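Colleague: Take this structure first; my questions come after.
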Amino acid sequence: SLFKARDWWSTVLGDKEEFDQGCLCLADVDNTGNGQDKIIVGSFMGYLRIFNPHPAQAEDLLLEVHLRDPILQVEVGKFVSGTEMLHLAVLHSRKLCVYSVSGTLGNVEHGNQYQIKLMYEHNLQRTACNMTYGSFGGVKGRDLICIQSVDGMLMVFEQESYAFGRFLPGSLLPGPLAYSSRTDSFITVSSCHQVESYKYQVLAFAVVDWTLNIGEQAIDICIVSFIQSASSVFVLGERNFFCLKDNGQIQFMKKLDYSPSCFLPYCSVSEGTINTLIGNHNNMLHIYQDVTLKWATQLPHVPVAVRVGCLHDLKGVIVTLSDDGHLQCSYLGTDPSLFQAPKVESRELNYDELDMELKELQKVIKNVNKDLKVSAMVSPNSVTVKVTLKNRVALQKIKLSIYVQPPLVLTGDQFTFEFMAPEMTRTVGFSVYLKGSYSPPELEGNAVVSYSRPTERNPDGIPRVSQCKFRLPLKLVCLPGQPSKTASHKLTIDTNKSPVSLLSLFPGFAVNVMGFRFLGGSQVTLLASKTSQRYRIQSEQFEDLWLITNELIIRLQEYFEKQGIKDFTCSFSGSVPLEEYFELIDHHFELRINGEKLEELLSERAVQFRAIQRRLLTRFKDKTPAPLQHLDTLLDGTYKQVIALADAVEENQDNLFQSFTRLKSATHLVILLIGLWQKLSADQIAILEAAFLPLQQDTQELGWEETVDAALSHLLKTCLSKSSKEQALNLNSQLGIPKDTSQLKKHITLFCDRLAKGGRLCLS
Amino acid sequence: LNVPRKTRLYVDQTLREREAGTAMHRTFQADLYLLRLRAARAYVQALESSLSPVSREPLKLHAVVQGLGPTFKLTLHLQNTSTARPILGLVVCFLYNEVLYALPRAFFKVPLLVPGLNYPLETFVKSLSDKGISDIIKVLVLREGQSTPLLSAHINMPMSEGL
Amino acid sequence: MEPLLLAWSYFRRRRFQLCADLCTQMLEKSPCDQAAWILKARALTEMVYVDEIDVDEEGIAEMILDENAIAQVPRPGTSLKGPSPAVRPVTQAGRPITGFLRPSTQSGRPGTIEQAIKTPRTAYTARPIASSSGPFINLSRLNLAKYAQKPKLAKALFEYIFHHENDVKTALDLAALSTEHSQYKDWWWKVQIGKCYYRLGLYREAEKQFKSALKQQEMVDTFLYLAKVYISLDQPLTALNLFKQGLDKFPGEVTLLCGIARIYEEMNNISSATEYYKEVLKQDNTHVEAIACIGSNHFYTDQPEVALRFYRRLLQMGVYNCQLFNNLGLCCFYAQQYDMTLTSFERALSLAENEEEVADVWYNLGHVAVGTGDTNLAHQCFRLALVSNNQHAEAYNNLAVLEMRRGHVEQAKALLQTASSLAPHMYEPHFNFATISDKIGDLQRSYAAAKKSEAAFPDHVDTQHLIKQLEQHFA
Amino acid sequence: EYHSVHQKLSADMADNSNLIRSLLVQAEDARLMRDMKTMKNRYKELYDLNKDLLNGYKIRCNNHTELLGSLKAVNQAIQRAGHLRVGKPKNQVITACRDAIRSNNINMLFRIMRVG
């Protein structure tokens with residue numbers, strides 16, 4: 001209960017009504033004379049309600065009258081010309097009404113009625129905003145009323161009629177108005193942050209007695225005077241909290257870290273000081289001894305216009321009223337309550353159902369520790385591919401992407417499908433065409449769908465991924481061209497059958513000696529045999545051999561399958577090249593080293609540019625003029641160097657990418673010739689394809705050289721080596737860019753060698 | 001020595017423990033049972049969604065993002081954690097919001113992962129929204145013969161600071 | 001009831017949507033009405049307002065590319081640029097973790113632009129670092145020379161331009177015209193010009209206006225503004241003297257004492273920051289900052305019961321967070337109150353509005369579990385901390401410790417490598433990696449890891465013995 | 001007028017300097033991620049901002065020279081007014097003259113240097 005505002009008589013006060021400051025008043029409007037106050041609340045919805053609370057109960061509400069026009073700032077003061085009895089003032093936007101709550105009694109708790117008599121009224125020309133009341137001047141036994149206006153004007157009534165009215169000099173949004181009696185001054189807070197005090201007789205004669213520029217505009221101003229020793233004036237801004245002297249300067253101030261809504265300096269304790277209590281918009285009350293927090297409480301609602309009063313023999317009860325309609329009298333909670341788990345014996349942990357669920361979950365855990373079909377179809381003719389996907393269960397968040405190769409370009413990459421009912425087919429269609437000069441490493445392309453299965457634990461859907469790969473035709477990258485008699489280098493493939501007419505293997509290219517030219521100019525020659533049974537592939541570029549060799553072997557397989565015969569080889573008994581393959585590797589690595597050099601030079605150029613730029617910025621921030629000392633010229637030179645180096649790095653990146661694609665083609669051919677040169681099955685061919693074809697392009701942290709070197713060192717370590725000395729000296733693996741390609745080449749030659757002797761690959 | 005000191009709070013707490021030890025024991029055992037229940041629940045849910053970047057079948061992946069501006073460098077540090085056994089067929093697939101991020105290659109094979117080496121596999125994410133919008137990006141590492149991700153990772157892409 | 005009155009009363013009650021709306025009506029109805037105009041301006045500028053004092057991002061350029069400190073290598077103890085890392089978790093090489101993250105925290109600074117880029121975006125600030133720190137009214141249409149004549153309009157208009165639109169140049173133009181209209185006699189316009197300068201980059205030109213505003217009228221605002229200016233020029237001992245001057249003016253201000261304590265903690269001499277936070281407590285006793293700081297310090301200097309009291313205080317004052325309840329759980333468990341321990345972690349997991357908060361709560365639940373025994377529960381909690389925040393290095397380190405407890409050495413090695421890659425400033429992953437390496441051999445990796453451990457926690461003990469043994473093996 | 005122009009130019013140049021610092025950081029990041037196109041873009045932006053800043057620098061330098069000349073003219077006027085009087089009647093003028101500038105009472109200022 002500690003630091004909570006424990007509840008007393010509390011209520012809700014209407015049907016989505018709305019209140020503001022001035023609404024909650026607390027005095028003896030009944031003029032009993034006993035000291036017990038009575039709550040009075042009037043909304044600008046219309047209803048004026050008066051309560052005499054007792055510690056929910058029906059007879060608490062004295063009356064709940066309703067007036068037509070809204071109600072602003074109900075007050076309780078000697079607002080009648082004749083007697084010294086408290087009367088209740090109701091300020092409607094364009095109306096003033098003094099009343100009198102006379103309560104007559106019956107011979108039962110609920111036989112007593114209450115009559116409000118219209119003592120007098122006042123038509124208001126201007127639109128009223130708020131008001132103050134007090135004994136203006138040095139009068140006694142009277143409570144004159146100074147009402148403000150929304151447009152600045154303040155009009156004063158001498159408790160009977162329209163005394164006068166003067167405009168406030170220079171105000172737009174009317175702020176809080178108050179009246180200090182120890183100085184006989186109207187104190188307001190203008191829109192321009194000025195807390196201004198005007199002497200009464202000065203306004204009566206119409207100027208500013210004094211001003212103080214506080215940092216903000218104030219929400220409330222409460223001049224409190226129950227201490228005749230040292231007078232003070234409290235001003236609560238929307239960001240601060242000032243207590244000002246009577247001459248006009250700050251006596252002290254607090255820089256609140258919350259957003260205040262209401263405050264009330266109530267009765268004080270010490271000598272000179274004044275206790276005050278402020279209400280956050282964070283639902284709290286704070287009780288300061290003028291700067292110093294003495295207590296704090298959690299309020300239920302956002303307090304608007306708190307008050308403190310003696311309600312039914314209990315002095316100092318705090319009465320709060322929200323702007324939605326709540327209302328609550330309360331007393332502080334001063335009961336430190338032990339922090340301890342409730343010793344509840346009735347409520348036991350249900351071990352049966354909980355153990356069932358835990359057995360289920362633990363079963364899943366200890367068990368795991370031991371929907372859509374995709375199809376691609378390529379047209380026989382920039383070839384148009386069409387991908388059809390069909391689901392069994394209803395799926396959601398489907399994304400279909402296609403990845404062919406660097407040189408080949410797609411007219412459409414990504415396709416997004418939302419939810420689909422079960423057994424619904426979806427077709428997409430895109431077009432693939434060659435864009436560039438070098439031929440792609442392989443014509444095959446992939447197409448991947450990522451979808452989601454909505455379920456019970458994750459209704460958002462577990463994500464799954466499924467793929468399908470299509471095979472593109474040579475008619476997309478090649479054309480029939482003129483053959484040449486001799487080329488730089490050639491290889492052979494000797495089948496155990498007859499030399500087949502190249503018109504039957506490659507019918508799209510219309511003798512037994514065919515020539516091909518890929519889009520890019522490069523040309524390949526395919527020679528069938530006449531006496532022997534071997535086919536010869538020749539060109540100047542080792543890259544060029546790969547596509548035509550792959551297609552030749554594939555067409556041979558397909559054709560000899562159509563003839564139904566079952567035994568067919570592509571032996572290639574001879575010498576694995578390993579020498580026209582190393583030159584491509586060395587070209588790739590020279591480009592890599594050149595790129596690293598260009599980048600480490602760009603680093604220095606950028607550092608120079610930054611240093612000169614900081615010098616120039618220092619010269620800029622300085623006030624005094626000074627010669628630039630040709631610093632701008634050095635900056636221009638450095639900028640030219642940086643642009644030149646950036647263009648150089650771009651061109652080197654493009655060259656490196658071309659070299660990487662050509663190297664991919666070459667290593668494809670080399671794995672093919674190793675899988676033929678020895679009777680390698682599909683498993684070892686897959687291992688080789690994984691080890692030699694690791695990446696799609698190079699990055700500044702992982703390149704082809706280091707990766708294939710690590711893979712080959714490991715494959716020789718765990719499979720093809722038996723001496724531990726070499727295993728630890730030469731057969732080590734790292735992922736840092738080497739300074740030379742000799743280790744990679746040594747390992748590749750050693751791999752082919754130890755395969756020749758009879759070695760075989762494995763994984764474990 | 002620097003042996004600590006104990007205040008009134010400690011003796012009051014020990015007195016409460018000496019007078020109400022049984023209730024504390026019972027309620028802590030109940031809380032431990034409920035905690036085991038909820039931890040097993042969340043572990044099973046993670047296994048279902050395969051959201052653990054650490055999960056026979058040894059692997060370990062975590063994705064680092066670098067750079068302000070519309071273009072971020074997203075490097076996946078992947079690692080085979082086994083005595084001596086490489087992993088041949090694996091592949092990485094990215095899941096993003098195609099209206100906020102433009103991934104060039106949202107799916108690619110991974111090299112043969114040698115046990116003990118951290119492979120940095122990087123990509124270039126690019127923010128497309130003209131207004132600053134930070135959306136998550138999922139990464140799934142999975143076999144090529146299976147459809148259930150071997151493991152996954154998440155990255156909250158920072159704000160664009162575009163132009 | 002009436003439009004202007006109801007809108008202004010909505011403004012008083014801090015609605016800030018209803019007021020703008022009734023004024024939008026009232027402005028469509030009448031093209032000539034400035035009361036509703038500036039009222040809507042106030043509402044708009046206060047829906048977004050945040051006081052400039054506690055907004056000190058400083059970006060990434062102003063950390064390296066901007067040099068303002070006079071002394072380059074000043075005496076240790078006079079510049080901004082306790083429990084050891086064996087007890088208190090750390091964020092950088094030093095700088096132990098603090099209570100009460102505020103958006104002005106720098107918590108160390110990077111050395112180069114590359115290091116600042118290639119680190120986590122939120123490792124030097126409470127928010128990810130930047131590169132540098134229809135419409136109601138179009139700023140290019142109004143003649144600030146005419147609104148400057150009317151101060152009632154000019155003040156709200158400047159607040160709008162500065163805090164809503166963030167147009168420092170036009171704001172400074174308006175403020176200059178206004179100050180010249182007031183003949184340089186109102187401290188508010190001086191403070192506003194100083195703020196415009198301070199966020200333009202000109203610190204001395206802002207310190208001038210703040211000093212000239214202090215000469216007009218002492219206010220806590222100007223004192224804190226000068227404190228910011230002086231801290232930006234790397235002058236703690238000037239800010240402290242200015243704060244004690246302000247306290248001589250305002251005898252018991254809480255913000256001034258809290259600024260003194262913040263400066264003492266940035267200089268890292270906690271023996272005075274605790275004294276000044278205790279003064280703040282003697283004044284406020286609900287201060288979240290001082291209470292959180294003294295509570296953390298009480299927890300880590302092996303006094304978790306006093307920290308549990310200090311955090312139960314914040315619980316008593318209506319604070320309801322994920323951080324507070326996880327803190328209460330740690331305190332309850334380590335102060336040996338086993339009845340209120342795990343329910344606090346449950347409320348924490350309930351209140352967590354993130355994926356890093358959930359990961360930290362699961363990390364701490366794994367700590368509770370491993371303190372209870374039953375290493376499997378802690379295993380699951382650390383793995384869940386990883387699932388929720390992949391870049392959680394402490395979870396990696398602890399899960400690798402538990403793995404090596406089981407026996408799987410390679411898993412532990414990989415996880416410790418990941419941890420030491422994510423957080424190099426930590427010392428535990430490096431030390432553990434070096435230890436396991438030395439246990440199996442690989443003295444090169446052991447040296448490369450123990451040296452980084454010594455770089456992270458340079459006063460360690462086991463790291464020194466490891467380095468001595470290694471350097472002895474090398475000869 | 002010179003004071004106001006200097007203040008405007010100083011604010012503008014501070015804004016541009018902050019832009020240049022942010023651009024240096026962005027260019028460093030682009031260079032570190034090897035995105036050469038955006039790096040060249042950042043450097044083009046930096047070149048343009050530098051040219052604008054150098055133009056503003058020339059303007060501000062000429063304005064500051066003129067303002068310093070005007071200040072020295074004001075002070076030489078004070079000194080030539082006081083210099084015209086021997087003994088104590090000199091000192092007075094000087095003081096008054098300064099107290100006539102801090103208040104911008106130019107007519108009374110001239111009356112001090114006219115009769116004393």
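Residue numbering restarts at 1 for every chain of the structure tokens, chains are lettered A, B, ... in their displayed order, and ligands are numbered from 1 as they appear.
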Per residue of chain B within 6 Å of chain C, which atom pair is closest and at what distance in Å (one decimal), using only C-alpha atoms, listed by chain and increasing number, as JSON lines?
Modeller:
```
{"residue": "B:24", "atom": "CA", "partner": "C:339", "partner_atom": "CA", "distance": 4.9}
{"residue": "B:27", "atom": "CA", "partner": "C:339", "partner_atom": "CA", "distance": 5.8}
{"residue": "B:28", "atom": "CA", "partner": "C:339", "partner_atom": "CA", "distance": 5.4}
{"residue": "B:52", "atom": "CA", "partner": "C:387", "partner_atom": "CA", "distance": 4.9}
{"residue": "B:66", "atom": "CA", "partner": "C:118", "partner_atom": "CA", "distance": 6.0}
{"residue": "B:81", "atom": "CA", "partner": "C:411", "partner_atom": "CA", "distance": 5.8}
```
Colleague: Next, write the just-selected residues to a file, as a short mmCIF file (atom, residue, chain, number, x, y, z; two decimals), in the first residue's frame, keeping N, CA, C and O atoms as the atom set.
Modeller:
```cif
data_model
loop_
_atom_site.label_atom_id
_atom_site.label_comp_id
_atom_site.auth_asym_id
_atom_site.auth_seq_id
_atom_site.Cartn_x
_atom_site.Cartn_y
_atom_site.Cartn_z
N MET B 24 8.86 -20.98 0.95
CA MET B 24 9.82 -20.57 -0.07
C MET B 24 10.30 -21.77 -0.88
O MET B 24 10.35 -21.72 -2.11
N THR B 27 7.37 -23.02 -3.17
CA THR B 27 7.03 -22.14 -4.28
C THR B 27 8.17 -22.02 -5.27
O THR B 27 7.93 -21.87 -6.48
N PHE B 28 9.42 -22.13 -4.82
CA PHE B 28 10.53 -22.11 -5.76
C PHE B 28 10.57 -23.39 -6.58
O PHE B 28 10.90 -23.35 -7.77
N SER B 52 17.06 -21.63 -34.75
CA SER B 52 18.30 -21.60 -33.97
C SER B 52 19.49 -21.49 -34.91
O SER B 52 19.67 -22.37 -35.76
N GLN B 66 26.84 -4.54 -41.97
CA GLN B 66 27.79 -3.45 -41.86
C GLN B 66 27.38 -2.32 -42.80
O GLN B 66 26.94 -2.57 -43.92
N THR B 81 31.33 -27.36 -37.60
CA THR B 81 31.89 -27.64 -36.28
C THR B 81 31.86 -29.15 -36.05
O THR B 81 30.94 -29.67 -35.42
#
```
Colleague: Find the residues near residue 217 (chain C): any atom within 7 Å, counting only C-alpha atoms, skip ones fewer than 3 places away on the same chain, and give them as a list in words.
Modeller: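 So, after excluding close chain neighbours, the residues are residues 187, 213 and 214 of chain C.
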Colleague: Between CA of residue 48 (chain C) and CA of residue 135 (chain C), what is the distance in Å, rounded to a tenth?
Modeller: 14.9 Å
Colleague: Report as a ChimeraX atom specification the set of chain A residues whose atoms approach chain D to within 10 Å, with distances computed over only C-alpha atoms.
Modeller: /A:599,602-603,606-607,609-610,613-614,616-626,628,632,635-636,639-640,642-650,653,699-700
Colleague: Find the residues near region 533-544 of chain A: any atom within 7 Å, counting only C-alpha atoms, skip ones fewer than 3 places away on the same chain, and give them as a list in words.
Modeller: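 Close residues of region 533-544 of chain A: residues 487, 488, 489, 490, 491, 492, 493, 494, 495, 496, 497, 498, 499, 523, 524, 525, 526, 527, 528, 529, 547, 549, 580, 662, 665 and 666 of chain A.
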Colleague: According to DSSP computed on the backbone, where in region 1-96 of chain B is there strand (DSSP E)? Give the residues as JSON, numbers by chain.
Modeller: {"B": [60, 61, 62, 63, 64, 65, 66, 71, 72, 73, 74, 75, 76, 77, 78, 79, 90, 91, 92, 93, 94, 95]}
Colleague: Select all residues from chain A having any atom no more than 6 Å from an atom of chain C (counting only C-alpha atoms, ignoring ligands), output as a CSV table (one decimal) with N, CA and C atoms, in the first residue's frame.
Modeller:
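Saved result, result.csv, follows:
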```csv
chain,number,residue,atom,x,y,z
A,172,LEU,N,-2.9,36.9,-26.4
A,172,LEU,CA,-3.6,36.2,-27.4
A,172,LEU,C,-4.3,34.9,-26.8
A,191,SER,N,0.5,35.1,-23.1
A,191,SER,CA,1.0,34.1,-24.1
A,191,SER,C,2.5,34.2,-24.3
A,192,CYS,N,3.1,35.4,-24.1
A,192,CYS,CA,4.5,35.6,-24.3
A,192,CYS,C,5.3,35.4,-23.0
A,292,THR,N,11.6,20.3,-2.2
A,292,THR,CA,12.1,19.0,-1.8
A,292,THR,C,10.9,18.0,-1.6
A,293,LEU,N,11.0,16.9,-2.4
A,293,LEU,CA,9.9,15.9,-2.3
A,293,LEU,C,9.9,15.2,-1.0
A,341,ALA,N,5.9,-14.3,-1.3
A,341,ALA,CA,5.0,-15.1,-2.0
A,341,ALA,C,3.8,-15.5,-1.2
```
Colleague: Please provide the set of residues having any atom within 12 Å of residue 92 (chain D), restricted to only C-alpha atoms, with same-chain residues fewer than 2 positions apart removed, written as a ChimeraX atom specification.
Modeller: /D:78-79,81-83,85-90,94-100,112-113,115-116
Colleague: Suppose we keep C-alpha atoms; can you now write the selection as a PDB file, in the first residue's frame?
Modeller:
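Result file follows (out.pdb):
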```
ATOM      1  CA  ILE D  78      36.407  58.066 -30.242  1.00  0.00           C
ATOM      2  CA  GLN D  79      40.154  58.627 -29.943  1.00  0.00           C
ATOM      3  CA  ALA D  81      37.227  63.205 -30.239  1.00  0.00           C
ATOM      4  CA  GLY D  82      38.948  62.639 -26.900  1.00  0.00           C
ATOM      5  CA  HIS D  83      42.338  63.635 -28.316  1.00  0.00           C
ATOM      6  CA  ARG D  85      40.768  67.802 -25.275  1.00  0.00           C
ATOM      7  CA  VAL D  86      43.620  68.106 -22.786  1.00  0.00           C
ATOM      8  CA  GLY D  87      43.677  66.603 -19.316  1.00  0.00           C
ATOM      9  CA  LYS D  88      40.626  65.218 -17.546  1.00  0.00           C
ATOM     10  CA  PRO D  89      38.111  66.594 -20.141  1.00  0.00           C
ATOM     11  CA  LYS D  90      39.668  64.000 -22.435  1.00  0.00           C
ATOM     12  CA  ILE D  94      36.160  58.405 -23.972  1.00  0.00           C
ATOM     13  CA  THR D  95      34.098  56.843 -21.192  1.00  0.00           C
ATOM     14  CA  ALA D  96      30.949  58.636 -22.321  1.00  0.00           C
ATOM     15  CA  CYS D  97      31.631  57.675 -25.930  1.00  0.00           C
ATOM     16  CA  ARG D  98      31.793  53.997 -25.026  1.00  0.00           C
ATOM     17  CA  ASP D  99      28.697  54.384 -22.864  1.00  0.00           C
ATOM     18  CA  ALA D 100      27.110  56.004 -25.923  1.00  0.00           C
ATOM     19  CA  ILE D 112      29.505  64.126 -26.558  1.00  0.00           C
ATOM     20  CA  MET D 113      32.089  64.473 -29.331  1.00  0.00           C
ATOM     21  CA  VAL D 115      30.690  69.827 -27.042  1.00  0.00           C
ATOM     22  CA  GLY D 116      31.809  67.320 -24.397  1.00  0.00           C
TER      23      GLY D 116
END
```
Colleague: I'd like the neighbourhood of residue 119 (chain B) as a count of residues only, where a residue qualifies if any of its atoms comes within 10 Å (using only C-alpha atoms), though same-chain residues fewer than 3 positions away should be ignored.
Modeller: 18
Colleague: Counting only C-alpha atoms, figure out which residue out of B:99, B:117, B:48, B:106 gets nearest to residue 83 (chain B).
Modeller: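 With only C-alpha atoms as the atom set, the closest residue is B:117.
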Colleague: Within 7 Å of chain A, which residues of chain B show up when using only C-alpha atoms, listed as a ChimeraX atom specification?
Modeller: /B:23,30,37,40-41,44-45,49,84-86,88,110-112,114,120,147-149
Colleague: Go ahead and write the residues just picked, C-alpha atoms, as a PDB file, in the first residue's frame.
Modeller:
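result_17.pdb, freshly written:
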```
ATOM      1  CA  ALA B  23       6.787 -22.006   1.726  1.00  0.00           C
ATOM      2  CA  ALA B  30       6.799 -24.949  -8.365  1.00  0.00           C
ATOM      3  CA  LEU B  37       7.844 -26.427 -18.843  1.00  0.00           C
ATOM      4  CA  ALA B  40      10.890 -26.947 -23.158  1.00  0.00           C
ATOM      5  CA  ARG B  41       7.916 -25.319 -24.890  1.00  0.00           C
ATOM      6  CA  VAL B  44      10.243 -27.227 -29.197  1.00  0.00           C
ATOM      7  CA  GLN B  45       8.746 -24.197 -30.949  1.00  0.00           C
ATOM      8  CA  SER B  49      10.396 -23.172 -36.914  1.00  0.00           C
ATOM      9  CA  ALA B  84      36.832 -34.171 -39.434  1.00  0.00           C
ATOM     10  CA  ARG B  85      33.821 -34.310 -41.746  1.00  0.00           C
ATOM     11  CA  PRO B  86      33.013 -31.872 -44.571  1.00  0.00           C
ATOM     12  CA  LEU B  88      29.036 -31.162 -49.398  1.00  0.00           C
ATOM     13  CA  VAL B 110      27.913 -22.559 -50.265  1.00  0.00           C
ATOM     14  CA  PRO B 111      31.448 -23.932 -50.731  1.00  0.00           C
ATOM     15  CA  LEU B 112      32.564 -27.242 -49.288  1.00  0.00           C
ATOM     16  CA  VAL B 114      35.954 -27.717 -44.101  1.00  0.00           C
ATOM     17  CA  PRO B 120      32.355 -15.272 -44.716  1.00  0.00           C
ATOM     18  CA  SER B 147      13.014 -28.757 -48.019  1.00  0.00           C
ATOM     19  CA  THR B 148      13.199 -28.100 -44.260  1.00  0.00           C
ATOM     20  CA  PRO B 149      15.894 -25.528 -43.384  1.00  0.00           C
TER      21      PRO B 149
END
```
Colleague: For chain D, report every residue with an atom at most 8 Å from chain B (counting only C-alpha atoms), formatted as number ranges by chain.
Modeller: D: 26, 29-30, 33
Colleague: What's the separation between CA of residue 89 (chain B) and CA of residue 143 (chain B), in Å to one decimal place?
Modeller: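 The value is 5.8 Å.
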Colleague: Between CA of residue 227 (chain C) and CA of residue 274 (chain C), what is the distance in Å, rounded to a tenth?
Modeller: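 Pair CA of residue 227 (chain C) / CA of residue 274 (chain C) returns 19.8 Å.
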Colleague: Counting only C-alpha atoms, which residue out of C:83, C:458, C:59, C:96 sits closest to chain D?
Modeller: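 Looking at the shortest contact to chain D, the residue is C:59.
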Colleague: If you run DSSP over the backbone, which residues in region 41-258 of chain C end up alpha helix (DSSP H)? Put them as a PyMOL selection string.
Modeller: chain C and resi 41-47+61-64+113-117+144-147+151-159+168-181+187-200+204-216+220-232+236-249+254-258
